[PDB]
$ cat protein_38.cif   # mmCIF, C-alpha atoms and all ligand atoms
data_coords
loop_
_atom_site.label_atom_id
_atom_site.label_comp_id
_atom_site.auth_asym_id
_atom_site.auth_seq_id
_atom_site.Cartn_x
_atom_site.Cartn_y
_atom_site.Cartn_z
CA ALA A 17 0.00 0.00 0.00
CA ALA A 18 1.36 3.39 -1.07
CA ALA A 19 1.49 6.27 1.40
CA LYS A 20 -1.27 8.81 0.88
CA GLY A 21 0.02 11.89 -0.93
CA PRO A 22 2.53 13.75 1.22
CA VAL A 23 0.84 16.31 3.46
CA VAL A 24 2.41 19.08 5.53
CA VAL A 25 1.54 19.85 9.16
CA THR A 26 2.78 23.27 10.26
CA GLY A 27 3.62 23.77 13.92
CA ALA A 28 3.96 20.03 14.37
CA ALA A 29 5.72 20.37 17.73
CA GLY A 30 2.62 21.96 19.28
CA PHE A 31 -0.40 20.68 21.16
CA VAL A 32 -2.75 20.33 18.19
CA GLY A 33 -0.12 19.82 15.51
CA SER A 34 1.70 16.96 17.20
CA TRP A 35 -1.52 14.99 17.64
CA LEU A 36 -2.55 15.69 14.04
CA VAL A 37 0.78 14.25 12.87
CA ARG A 38 0.00 11.13 14.92
CA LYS A 39 -3.42 10.73 13.32
CA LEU A 40 -2.27 11.42 9.76
CA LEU A 41 0.45 8.78 10.16
CA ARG A 42 -2.13 6.33 11.50
CA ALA A 43 -4.33 6.99 8.45
CA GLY A 44 -1.57 6.00 6.02
CA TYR A 45 -0.19 9.41 5.06
CA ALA A 46 3.38 10.46 4.52
CA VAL A 47 3.61 13.47 6.84
CA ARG A 48 6.05 16.38 6.45
CA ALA A 49 6.23 17.96 9.91
CA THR A 50 7.48 21.55 9.99
CA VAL A 51 9.04 23.19 13.05
CA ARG A 52 10.96 26.41 13.60
CA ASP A 53 14.07 24.49 14.70
CA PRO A 54 14.48 20.76 13.96
CA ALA A 55 17.81 20.84 15.83
CA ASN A 56 15.88 21.24 19.10
CA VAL A 57 15.93 17.54 19.99
CA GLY A 58 13.61 18.24 22.92
CA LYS A 59 10.67 19.33 20.79
CA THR A 60 11.43 17.04 17.84
CA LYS A 61 11.89 13.78 19.74
CA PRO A 62 8.17 13.26 20.57
CA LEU A 63 7.33 13.41 16.85
CA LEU A 64 10.01 10.95 15.72
CA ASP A 65 8.81 8.62 18.50
CA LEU A 66 5.35 8.36 16.92
CA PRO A 67 3.92 5.11 15.50
CA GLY A 68 4.91 4.94 11.85
CA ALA A 69 7.13 8.03 11.96
CA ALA A 70 10.24 6.03 11.05
CA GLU A 71 8.84 5.15 7.63
CA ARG A 72 6.60 8.10 6.75
CA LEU A 73 7.50 11.13 8.91
CA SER A 74 10.02 13.80 7.93
CA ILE A 75 10.90 16.99 9.83
CA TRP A 76 11.36 20.31 8.03
CA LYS A 77 12.60 23.73 9.13
CA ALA A 78 10.23 26.61 8.40
CA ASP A 79 9.14 29.90 9.96
CA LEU A 80 6.05 31.97 9.21
CA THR A 81 8.14 35.17 9.33
CA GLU A 82 10.58 33.82 6.70
CA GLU A 83 9.19 34.13 3.17
CA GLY A 84 9.69 30.96 1.17
CA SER A 85 10.79 28.78 4.08
CA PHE A 86 7.79 26.50 3.45
CA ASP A 87 8.40 26.15 -0.31
CA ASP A 88 10.52 23.00 -0.07
CA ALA A 89 8.26 21.20 2.40
CA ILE A 90 5.05 21.94 0.47
CA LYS A 91 6.54 21.13 -2.94
CA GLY A 92 5.09 17.80 -4.02
CA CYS A 93 2.41 17.69 -1.32
CA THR A 94 -1.28 17.15 -2.01
CA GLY A 95 -2.45 18.87 1.19
CA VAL A 96 -1.32 21.36 3.81
CA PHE A 97 -2.68 21.54 7.37
CA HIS A 98 -1.80 25.01 8.67
CA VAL A 99 -1.89 24.72 12.46
CA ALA A 100 1.00 27.01 13.41
CA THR A 101 0.27 30.55 14.56
CA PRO A 102 2.26 33.15 16.54
CA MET A 103 1.39 33.03 20.24
CA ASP A 104 3.22 35.89 21.87
CA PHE A 105 0.40 38.04 23.06
CA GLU A 106 2.40 40.28 25.41
CA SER A 107 3.99 42.89 23.13
CA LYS A 108 3.61 46.67 22.92
CA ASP A 109 2.87 46.90 19.17
CA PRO A 110 0.36 44.06 18.72
CA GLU A 111 -0.60 45.34 15.27
CA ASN A 112 2.92 44.92 13.95
CA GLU A 113 4.22 42.20 16.21
CA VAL A 114 1.25 39.80 16.30
CA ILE A 115 -1.59 40.76 13.97
CA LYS A 116 0.22 41.57 10.73
CA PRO A 117 2.72 38.69 11.22
CA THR A 118 -0.18 36.27 11.67
CA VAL A 119 -1.91 37.46 8.49
CA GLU A 120 1.30 37.61 6.46
CA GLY A 121 2.21 34.12 7.64
CA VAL A 122 -1.04 32.54 6.48
CA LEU A 123 -0.95 34.40 3.16
CA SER A 124 2.63 33.30 2.49
CA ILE A 125 1.53 29.71 3.18
CA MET A 126 -1.18 30.14 0.55
CA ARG A 127 1.30 31.57 -1.96
CA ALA A 128 3.67 28.64 -1.43
CA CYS A 129 0.75 26.25 -1.95
CA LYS A 130 -0.20 27.91 -5.24
CA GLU A 131 3.40 27.93 -6.50
CA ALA A 132 3.78 24.24 -5.67
CA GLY A 133 0.91 23.37 -8.00
CA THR A 134 0.52 19.93 -6.40
CA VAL A 135 -1.68 20.99 -3.47
CA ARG A 136 -5.34 20.15 -4.06
CA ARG A 137 -6.64 21.42 -0.70
CA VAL A 138 -5.51 23.55 2.23
CA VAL A 139 -6.96 23.02 5.71
CA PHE A 140 -6.58 26.10 7.91
CA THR A 141 -7.16 25.80 11.66
CA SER A 142 -9.05 28.90 12.82
CA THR A 143 -10.56 29.43 16.28
CA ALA A 144 -13.89 30.13 17.93
CA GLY A 145 -12.51 33.60 18.68
CA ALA A 146 -12.98 34.38 14.99
CA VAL A 147 -16.74 33.69 15.26
CA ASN A 148 -18.37 35.00 18.43
CA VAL A 149 -16.27 37.92 19.76
CA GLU A 150 -18.79 40.75 19.44
CA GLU A 151 -20.54 43.18 21.76
CA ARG A 152 -23.94 41.42 21.66
CA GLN A 153 -23.50 37.71 22.37
CA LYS A 154 -25.93 35.50 20.42
CA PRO A 155 -27.35 32.18 21.68
CA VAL A 156 -26.10 30.15 18.68
CA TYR A 157 -23.08 30.68 16.44
CA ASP A 158 -22.13 28.84 13.27
CA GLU A 159 -19.58 29.17 10.46
CA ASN A 160 -21.43 32.22 9.11
CA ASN A 161 -20.72 34.40 12.17
CA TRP A 162 -17.59 36.56 12.23
CA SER A 163 -15.98 38.28 15.21
CA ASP A 164 -16.21 42.08 15.26
CA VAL A 165 -12.60 43.14 14.74
CA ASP A 166 -13.46 46.81 15.24
CA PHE A 167 -15.08 45.94 18.55
CA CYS A 168 -11.95 44.03 19.61
CA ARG A 169 -9.66 46.97 18.85
CA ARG A 170 -12.04 49.30 20.71
CA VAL A 171 -12.51 47.59 24.08
CA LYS A 172 -9.33 45.46 23.86
CA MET A 173 -10.51 42.62 26.06
CA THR A 174 -7.98 40.05 27.24
CA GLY A 175 -6.70 38.19 24.20
CA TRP A 176 -7.98 40.78 21.73
CA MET A 177 -4.81 40.65 19.63
CA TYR A 178 -5.38 36.90 19.17
CA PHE A 179 -9.04 37.23 18.16
CA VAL A 180 -8.23 39.86 15.53
CA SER A 181 -5.14 37.95 14.37
CA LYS A 182 -7.10 34.76 13.69
CA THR A 183 -10.18 36.58 12.37
CA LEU A 184 -8.16 38.58 9.84
CA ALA A 185 -6.01 35.57 8.91
CA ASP A 186 -9.15 33.46 8.45
CA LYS A 187 -10.75 36.10 6.21
CA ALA A 188 -7.52 36.69 4.30
CA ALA A 189 -6.93 32.99 3.61
CA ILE A 190 -10.47 32.64 2.25
CA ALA A 191 -10.18 35.76 0.10
CA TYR A 192 -6.84 34.60 -1.32
CA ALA A 193 -8.23 31.14 -2.04
CA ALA A 194 -11.30 32.46 -3.86
CA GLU A 195 -9.19 34.94 -5.82
CA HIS A 196 -6.86 32.19 -7.08
CA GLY A 197 -9.37 29.34 -7.34
CA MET A 198 -7.85 27.38 -4.46
CA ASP A 199 -9.62 24.77 -2.33
CA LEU A 200 -9.45 25.98 1.28
CA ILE A 201 -11.12 24.45 4.34
CA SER A 202 -11.30 26.53 7.53
CA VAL A 203 -11.92 24.55 10.73
CA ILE A 204 -13.13 26.43 13.81
CA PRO A 205 -12.42 24.59 17.09
CA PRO A 206 -13.43 25.89 20.53
CA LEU A 207 -11.31 25.11 23.58
CA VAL A 208 -9.48 21.89 22.67
CA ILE A 209 -8.96 19.31 25.41
CA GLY A 210 -7.19 15.97 25.26
CA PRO A 211 -3.85 14.22 25.71
CA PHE A 212 -0.63 16.09 25.00
CA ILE A 213 2.90 14.88 24.36
CA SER A 214 4.85 17.99 25.43
CA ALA A 215 6.28 18.05 28.94
CA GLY A 216 4.47 21.36 29.56
CA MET A 217 0.77 21.97 30.08
CA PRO A 218 -1.03 23.08 26.89
CA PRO A 219 -2.49 26.57 27.33
CA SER A 220 -5.98 25.20 26.61
CA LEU A 221 -5.73 22.79 29.56
CA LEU A 222 -4.70 25.60 31.92
CA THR A 223 -8.16 27.02 31.19
CA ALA A 224 -9.98 23.68 31.12
CA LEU A 225 -8.55 22.69 34.52
CA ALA A 226 -8.80 26.11 36.18
CA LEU A 227 -11.62 24.93 38.45
CA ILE A 228 -9.70 21.92 39.82
CA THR A 229 -6.64 24.12 40.24
CA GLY A 230 -7.12 27.71 41.41
CA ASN A 231 -6.48 29.46 38.10
CA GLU A 232 -8.85 32.35 38.70
CA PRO A 233 -7.90 34.51 35.68
CA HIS A 234 -9.28 31.74 33.45
CA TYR A 235 -12.68 31.70 35.18
CA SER A 236 -14.06 34.31 32.78
CA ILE A 237 -13.22 32.03 29.84
CA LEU A 238 -15.16 29.14 31.37
CA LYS A 239 -18.14 31.44 32.07
CA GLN A 240 -19.68 30.46 28.71
CA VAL A 241 -17.41 27.88 27.08
CA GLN A 242 -17.44 25.27 24.31
CA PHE A 243 -15.28 22.15 24.11
CA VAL A 244 -13.95 19.63 21.60
CA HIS A 245 -11.80 16.57 22.17
CA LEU A 246 -8.40 16.95 20.51
CA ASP A 247 -8.86 13.55 18.86
CA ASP A 248 -12.24 14.54 17.44
CA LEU A 249 -10.75 17.79 16.12
CA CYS A 250 -7.87 16.04 14.37
CA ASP A 251 -10.16 13.37 12.93
CA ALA A 252 -12.52 16.08 11.66
CA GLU A 253 -9.61 17.86 9.96
CA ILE A 254 -8.62 14.65 8.19
CA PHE A 255 -12.26 13.91 7.34
CA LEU A 256 -12.74 17.37 5.84
CA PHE A 257 -9.53 17.09 3.82
CA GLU A 258 -10.57 13.76 2.27
CA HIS A 259 -14.25 14.49 1.59
CA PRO A 260 -14.57 15.79 -2.00
CA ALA A 261 -17.74 17.75 -1.18
CA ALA A 262 -16.22 19.69 1.74
CA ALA A 263 -15.81 23.43 1.25
CA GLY A 264 -15.60 26.64 3.26
CA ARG A 265 -15.71 27.11 7.01
CA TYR A 266 -16.65 24.35 9.45
CA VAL A 267 -17.37 24.54 13.17
CA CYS A 268 -15.90 21.64 15.16
CA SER A 269 -17.48 21.99 18.63
CA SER A 270 -18.99 19.02 20.46
CA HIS A 271 -20.06 20.51 23.82
CA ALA A 272 -21.29 23.83 25.21
CA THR A 273 -21.83 24.66 28.87
CA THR A 274 -21.34 27.29 31.59
CA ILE A 275 -18.90 27.56 34.47
CA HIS A 276 -21.69 26.52 36.85
CA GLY A 277 -22.52 23.49 34.71
CA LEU A 278 -18.87 22.47 34.44
CA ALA A 279 -18.29 22.86 38.19
CA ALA A 280 -21.23 20.51 38.80
CA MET A 281 -19.94 17.77 36.49
CA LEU A 282 -16.48 17.81 38.07
CA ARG A 283 -18.02 17.81 41.55
CA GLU A 284 -20.10 14.70 40.86
CA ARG A 285 -17.36 13.02 38.81
CA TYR A 286 -14.23 13.88 40.84
CA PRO A 287 -15.07 13.97 44.57
CA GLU A 288 -11.29 13.63 44.92
CA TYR A 289 -10.90 17.25 43.77
CA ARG A 290 -12.31 20.22 45.69
CA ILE A 291 -14.53 22.19 43.30
CA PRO A 292 -15.60 25.63 44.63
CA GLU A 293 -19.17 26.77 44.60
CA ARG A 294 -18.50 30.40 43.81
CA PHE A 295 -15.97 31.91 41.40
CA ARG A 296 -14.39 35.34 41.67
CA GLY A 297 -15.31 37.76 38.91
CA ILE A 298 -18.47 35.77 38.14
CA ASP A 299 -21.72 36.78 39.83
CA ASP A 300 -24.47 34.32 40.84
CA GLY A 301 -26.74 35.19 37.92
CA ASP A 302 -28.45 33.17 35.21
CA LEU A 303 -25.86 31.71 32.84
CA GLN A 304 -27.16 29.87 29.77
CA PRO A 305 -24.92 28.02 27.28
CA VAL A 306 -23.78 29.58 24.02
CA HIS A 307 -23.95 26.88 21.37
CA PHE A 308 -21.50 26.49 18.49
CA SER A 309 -23.45 24.56 15.86
CA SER A 310 -21.48 21.86 14.03
CA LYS A 311 -24.43 20.94 11.81
CA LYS A 312 -22.45 21.60 8.63
CA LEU A 313 -19.73 19.16 9.64
CA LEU A 314 -22.19 16.53 10.90
CA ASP A 315 -24.33 16.79 7.75
CA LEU A 316 -21.32 15.64 5.71
CA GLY A 317 -21.28 12.49 7.84
CA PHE A 318 -18.79 13.22 10.60
CA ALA A 319 -19.58 12.05 14.13
CA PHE A 320 -17.97 13.05 17.41
CA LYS A 321 -16.56 10.19 19.49
CA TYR A 322 -15.84 11.78 22.87
CA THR A 323 -17.88 13.42 25.61
CA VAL A 324 -16.73 16.21 27.91
CA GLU A 325 -16.23 13.45 30.47
CA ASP A 326 -13.86 11.69 28.06
CA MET A 327 -11.98 14.96 27.59
CA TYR A 328 -11.37 15.62 31.29
CA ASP A 329 -10.58 11.97 31.99
CA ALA A 330 -7.81 12.20 29.39
CA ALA A 331 -6.48 15.61 30.44
CA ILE A 332 -6.33 14.93 34.18
CA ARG A 333 -4.50 11.65 33.55
CA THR A 334 -1.76 12.99 31.27
CA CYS A 335 -1.35 16.01 33.55
CA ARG A 336 -1.38 13.77 36.62
CA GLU A 337 1.69 12.20 35.18
CA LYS A 338 3.48 15.51 35.95
CA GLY A 339 1.99 19.03 36.09
CA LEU A 340 -1.04 18.87 38.35
CA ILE A 341 -1.82 17.52 41.75
CA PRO A 342 -3.60 14.23 42.19
CA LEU A 343 -5.44 15.56 45.23
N1 LIG A 401 -5.49 24.47 21.71
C1 LIG A 401 -6.78 25.18 21.59
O1 LIG A 401 -7.54 25.17 22.47
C2 LIG A 401 -7.17 25.93 20.30
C3 LIG A 401 -8.43 26.40 20.17
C4 LIG A 401 -8.80 27.06 19.01
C5 LIG A 401 -7.90 27.24 18.01
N2 LIG A 401 -6.63 26.77 18.13
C6 LIG A 401 -5.72 26.99 17.07
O2 LIG A 401 -4.89 25.62 16.79
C7 LIG A 401 -3.68 25.98 16.38
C8 LIG A 401 -2.78 25.30 17.38
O3 LIG A 401 -2.63 25.99 18.54
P1 LIG A 401 -2.00 25.18 19.86
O4 LIG A 401 -3.06 24.99 20.89
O5 LIG A 401 -1.49 23.85 19.45
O6 LIG A 401 -0.71 26.15 20.50
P2 LIG A 401 0.80 25.70 20.50
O7 LIG A 401 0.91 24.42 21.33
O8 LIG A 401 1.63 26.77 21.07
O9 LIG A 401 1.31 25.36 18.91
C9 LIG A 401 1.31 26.31 17.91
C10 LIG A 401 2.54 26.31 17.06
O10 LIG A 401 2.69 27.41 16.39
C11 LIG A 401 4.19 27.47 16.17
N3 LIG A 401 4.61 28.72 15.88
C12 LIG A 401 4.48 29.91 16.49
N4 LIG A 401 5.11 30.82 15.72
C13 LIG A 401 5.61 30.21 14.66
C14 LIG A 401 6.33 30.66 13.58
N5 LIG A 401 6.75 32.02 13.34
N6 LIG A 401 6.71 29.83 12.64
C15 LIG A 401 6.39 28.49 12.74
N7 LIG A 401 5.68 28.04 13.79
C16 LIG A 401 5.29 28.89 14.76
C17 LIG A 401 4.72 26.98 17.58
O11 LIG A 401 6.13 26.39 17.44
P3 LIG A 401 7.31 26.93 18.51
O12 LIG A 401 7.50 25.93 19.63
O13 LIG A 401 8.64 27.08 17.73
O14 LIG A 401 6.91 28.27 19.09
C18 LIG A 401 3.90 26.12 17.96
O15 LIG A 401 4.46 24.74 17.70
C19 LIG A 401 -3.60 27.52 16.47
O16 LIG A 401 -3.75 28.04 15.26
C20 LIG A 401 -4.81 27.91 17.37
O17 LIG A 401 -5.28 29.26 17.01
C21 LIG A 401 -6.26 26.11 19.27
#
$ encode --input "protein_38.cif" --output "structure tokens"
Amino acid sequence: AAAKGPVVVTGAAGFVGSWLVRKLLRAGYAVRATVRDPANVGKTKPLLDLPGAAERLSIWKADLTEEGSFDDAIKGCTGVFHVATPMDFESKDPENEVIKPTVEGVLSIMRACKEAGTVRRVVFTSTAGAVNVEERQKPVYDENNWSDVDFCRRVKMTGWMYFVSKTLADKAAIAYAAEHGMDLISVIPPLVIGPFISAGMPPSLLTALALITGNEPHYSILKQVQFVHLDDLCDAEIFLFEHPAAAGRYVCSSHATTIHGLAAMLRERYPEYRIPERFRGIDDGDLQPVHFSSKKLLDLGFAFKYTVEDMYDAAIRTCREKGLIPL
């Protein structure tokens, strides 16, 4: 059996990327994993240790701020999964140090894909922050809703530079694709929870586990939150790449709840962990869930495998093997 056309995974050393490499290898693909520094044995070793990596995984050096650095890796590939994004949201010129670099990085990826000629489809990983960051929160969001970038630059909530970065990059990738007749899929995941291979806690699990720990600054994120299992997300990205009828934006969210609802589930499911009853910065009002509809993805025939219980069972375990207390 011949390896499925070589596909690139950008940011392969990361939380989402590394697991996507695992799943693409398992599905019979030759995977070209790109990282900013393949000489960093620490970050590269987990990838090379993956099942099937010896035969079908290769590591490539590339940087989103370095025009053309992805040309060699993409050349000859049938698909590109763009998961990398700049994550340094603590600068003093976010427009020029985060926003523009994020949009120029995605556009340069698209250019390299066009030049290659061999790429039939690009799968861009967006974020829920490109959908529902507006002044008036709606009860249901789908792939047709777009964050209000003007609103973000006005009130500058926590993480505003990231919402505008991804929202503008998402819009720019689509516009470039349509202008040059390219096949682009944009996948919108909420907070992603699941196993990780890095020795450090993924930033999404710091939020997900903020109730078990005492990570109070993350409480506002859990106020009205949506979840997806990392495995479901990666499987959906492979599904959407292989389905000939797939096109456009897709929401990949399997669970919506509130901080109060999440506290209850962890209370009944983990008596071993002390779950508070009240959370600073969050009143005792009426909180209803905000739903991210994945109808478009499910209509194509995709099905989620994991529940929110599966997610937290997997996160607590991997973390328990290091960065969190067993309490
Ligand atoms: N995890 C979630 O909950 C979540 C939710 C919604 C959307 N997403 C999106 O999923 C994608 C993955 O994020 P993540 O959770 O996996 O964070 P992450 O663990 O930090 O991985 C992201 C990758 O981006 C790479 N990167 C940053 N700047 C780069 C550059 N100039 N050139 C090449 N690579 C660069 C990082 O490599 P280095 O080690 O060299 O910095 C890093 O491996 C992002 O696009 C994110 O917006 C994630």
$ axis_aligned_box --input "protein_38.cif" --around "ligand LIG 401 (chain A)" --padding-each-side "4 Å" --output "lines of an AutoDock Vina configuration file"
center_x = -0.1
center_y = 27.9
center_z = 17.6
size_x = 25.4
size_y = 16.2
size_z = 17.8
$ residues_near_ligand --input "protein_38.cif" --ligand "ligand LIG 401 (chain A)" --cutoff "9 Å" --atoms "all atoms listed in the file" --output "mmCIF file with C-alpha atoms, in the coordinates of the input"
data_model
loop_
_atom_site.group_PDB
_atom_site.id
_atom_site.type_symbol
_atom_site.label_atom_id
_atom_site.label_comp_id
_atom_site.auth_asym_id
_atom_site.auth_seq_id
_atom_site.Cartn_x
_atom_site.Cartn_y
_atom_site.Cartn_z
ATOM 1 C CA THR A 26 2.780 23.270 10.260
ATOM 2 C CA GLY A 27 3.620 23.770 13.920
ATOM 3 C CA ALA A 28 3.960 20.030 14.370
ATOM 4 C CA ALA A 29 5.720 20.370 17.730
ATOM 5 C CA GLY A 30 2.620 21.960 19.280
ATOM 6 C CA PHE A 31 -0.400 20.680 21.160
ATOM 7 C CA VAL A 32 -2.750 20.330 18.190
ATOM 8 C CA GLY A 33 -0.120 19.820 15.510
ATOM 9 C CA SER A 34 1.700 16.960 17.200
ATOM 10 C CA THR A 50 7.480 21.550 9.990
ATOM 11 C CA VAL A 51 9.040 23.190 13.050
ATOM 12 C CA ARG A 52 10.960 26.410 13.600
ATOM 13 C CA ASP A 53 14.070 24.490 14.700
ATOM 14 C CA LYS A 59 10.670 19.330 20.790
ATOM 15 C CA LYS A 77 12.600 23.730 9.130
ATOM 16 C CA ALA A 78 10.230 26.610 8.400
ATOM 17 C CA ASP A 79 9.140 29.900 9.960
ATOM 18 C CA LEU A 80 6.050 31.970 9.210
ATOM 19 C CA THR A 81 8.140 35.170 9.330
ATOM 20 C CA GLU A 82 10.580 33.820 6.700
ATOM 21 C CA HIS A 98 -1.800 25.010 8.670
ATOM 22 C CA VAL A 99 -1.890 24.720 12.460
ATOM 23 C CA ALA A 100 1.000 27.010 13.410
ATOM 24 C CA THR A 101 0.270 30.550 14.560
ATOM 25 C CA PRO A 102 2.260 33.150 16.540
ATOM 26 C CA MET A 103 1.390 33.030 20.240
ATOM 27 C CA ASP A 104 3.220 35.890 21.870
ATOM 28 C CA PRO A 117 2.720 38.690 11.220
ATOM 29 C CA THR A 118 -0.180 36.270 11.670
ATOM 30 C CA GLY A 121 2.210 34.120 7.640
ATOM 31 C CA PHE A 140 -6.580 26.100 7.910
ATOM 32 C CA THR A 141 -7.160 25.800 11.660
ATOM 33 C CA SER A 142 -9.050 28.900 12.820
ATOM 34 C CA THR A 143 -10.560 29.430 16.280
ATOM 35 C CA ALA A 144 -13.890 30.130 17.930
ATOM 36 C CA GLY A 145 -12.510 33.600 18.680
ATOM 37 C CA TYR A 178 -5.380 36.900 19.170
ATOM 38 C CA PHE A 179 -9.040 37.230 18.160
ATOM 39 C CA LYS A 182 -7.100 34.760 13.690
ATOM 40 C CA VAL A 203 -11.920 24.550 10.730
ATOM 41 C CA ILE A 204 -13.130 26.430 13.810
ATOM 42 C CA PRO A 205 -12.420 24.590 17.090
ATOM 43 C CA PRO A 206 -13.430 25.890 20.530
ATOM 44 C CA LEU A 207 -11.310 25.110 23.580
ATOM 45 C CA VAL A 208 -9.480 21.890 22.670
ATOM 46 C CA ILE A 209 -8.960 19.310 25.410
ATOM 47 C CA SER A 214 4.850 17.990 25.430
ATOM 48 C CA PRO A 218 -1.030 23.080 26.890
ATOM 49 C CA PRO A 219 -2.490 26.570 27.330
ATOM 50 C CA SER A 220 -5.980 25.200 26.610
ATOM 51 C CA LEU A 221 -5.730 22.790 29.560
ATOM 52 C CA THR A 223 -8.160 27.020 31.190
ATOM 53 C CA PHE A 243 -15.280 22.150 24.110
ATOM 54 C CA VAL A 244 -13.950 19.630 21.600
ATOM 55 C CA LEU A 246 -8.400 16.950 20.510
#
$ closest_atom_pairs --input "protein_38.cif" --of "region 228-253 of chain A" --to "region 304-322 of chain A" --cutoff "12 Å" --atoms "only C-alpha atoms" --output "tab-separated table"
residue	atom	partner	partner_atom	distance
A:238	CA	A:305	CA	10.6
A:239	CA	A:305	CA	9.0
A:240	CA	A:305	CA	6.0
A:241	CA	A:306	CA	7.3
A:242	CA	A:308	CA	7.2
A:243	CA	A:308	CA	9.4
A:244	CA	A:322	CA	8.2
A:245	CA	A:322	CA	6.3
A:246	CA	A:322	CA	9.4
A:247	CA	A:322	CA	8.2
A:248	CA	A:320	CA	5.9
A:249	CA	A:320	CA	8.7
A:250	CA	A:320	CA	11.0
A:251	CA	A:318	CA	8.9
A:252	CA	A:318	CA	7.0
A:253	CA	A:313	CA	10.2
$ residues_around --input "protein_38.cif" --residues "region 124-132 of chain A" --least-positions-apart "3" --cutoff "7 Å" --atoms "all atoms listed in the file" --output "number ranges by chain"
A: 83-84, 86-87, 90-92, 120-121, 135
$ closest_residue --input "protein_38.cif" --among "A:185, A:139, A:89, A:119" --to "residue 258 (chain A)" --atoms "only C-alpha atoms"
A:139
$ closest_residue --input "protein_38.cif" --among "A:73, A:280, A:324, A:267" --to "residue 157 (chain A)" --atoms "all atoms listed in the file"
A:267
$ closest_residue --input "protein_38.cif" --among "A:273, A:229, A:161, A:56" --to "residue 291 (chain A)" --atoms "only C-alpha atoms"
A:229
$ residues_around --input "protein_38.cif" --residues "residue 69 (chain A)" --least-positions-apart "4" --cutoff "10 Å" --atoms "only C-alpha atoms" --output "ChimeraX atom specification"
/A:37-38,41-42,46-47,63-65,73-75
$ residues_around --input "protein_38.cif" --residues "residue 288 (chain A)" --least-positions-apart "6" --cutoff "10 Å" --atoms "only C-alpha atoms" --output "VMD selection string"
chain A and resid 228 282 342 to 343
$ atom_distance --input "protein_38.cif" --atom1 "CA of residue 196 (chain A)" --atom2 "CA of residue 48 (chain A)"
24.5 Å
$ closest_residue --input "protein_38.cif" --among "A:94, A:334, A:181, A:202" --to "residue 110 (chain A)" --atoms "only C-alpha atoms"
A:181
$ atom_distance --input "protein_38.cif" --atom1 "CA of residue 134 (chain A)" --atom2 "CA of residue 93 (chain A)"
5.9 Å
$ atom_distance --input "protein_38.cif" --atom1 "CA of residue 155 (chain A)" --atom2 "CA of residue 297 (chain A)"
21.7 Å
$ closest_residue --input "protein_38.cif" --among "A:172, A:263, A:289, A:188" --to "residue 226 (chain A)" --atoms "all atoms listed in the file"
A:289
$ decode --input "protein_38.cif" --residues "region 73-81 of chain A" --atoms "N, CA, C and O atoms" --output "mmCIF file, in the first residue's frame"
data_model
loop_
_atom_site.group_PDB
_atom_site.id
_atom_site.type_symbol
_atom_site.label_atom_id
_atom_site.label_comp_id
_atom_site.auth_asym_id
_atom_site.auth_seq_id
_atom_site.Cartn_x
_atom_site.Cartn_y
_atom_site.Cartn_z
ATOM 1 N N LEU A 73 7.389 9.783 8.358
ATOM 2 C CA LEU A 73 7.503 11.126 8.913
ATOM 3 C C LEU A 73 8.852 11.738 8.550
ATOM 4 O O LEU A 73 9.885 11.073 8.626
ATOM 5 N N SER A 74 8.825 13.000 8.141
ATOM 6 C CA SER A 74 10.019 13.801 7.926
ATOM 7 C C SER A 74 9.824 15.150 8.606
ATOM 8 O O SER A 74 8.707 15.671 8.666
ATOM 9 N N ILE A 75 10.917 15.718 9.106
ATOM 10 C CA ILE A 75 10.897 16.988 9.831
ATOM 11 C C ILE A 75 11.542 18.057 8.959
ATOM 12 O O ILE A 75 12.600 17.827 8.360
ATOM 13 N N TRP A 76 10.901 19.223 8.883
ATOM 14 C CA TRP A 76 11.358 20.309 8.027
ATOM 15 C C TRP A 76 11.455 21.593 8.835
ATOM 16 O O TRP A 76 10.675 21.821 9.759
ATOM 17 N N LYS A 77 12.420 22.433 8.480
ATOM 18 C CA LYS A 77 12.596 23.726 9.125
ATOM 19 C C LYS A 77 11.836 24.785 8.338
ATOM 20 O O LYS A 77 12.006 24.905 7.122
ATOM 21 N N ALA A 78 10.999 25.549 9.036
ATOM 22 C CA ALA A 78 10.232 26.610 8.402
ATOM 23 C C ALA A 78 9.771 27.591 9.472
ATOM 24 O O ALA A 78 9.598 27.225 10.634
ATOM 25 N N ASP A 79 9.576 28.837 9.062
ATOM 26 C CA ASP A 79 9.140 29.897 9.957
ATOM 27 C C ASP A 79 8.182 30.806 9.204
ATOM 28 O O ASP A 79 8.439 31.176 8.054
ATOM 29 N N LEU A 80 7.073 31.159 9.859
ATOM 30 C CA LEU A 80 6.049 31.972 9.211
ATOM 31 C C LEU A 80 6.543 33.374 8.882
ATOM 32 O O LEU A 80 5.975 34.024 7.996
ATOM 33 N N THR A 81 7.579 33.850 9.567
ATOM 34 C CA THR A 81 8.141 35.170 9.327
ATOM 35 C C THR A 81 9.255 35.151 8.291
ATOM 36 O O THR A 81 9.913 36.175 8.096
#
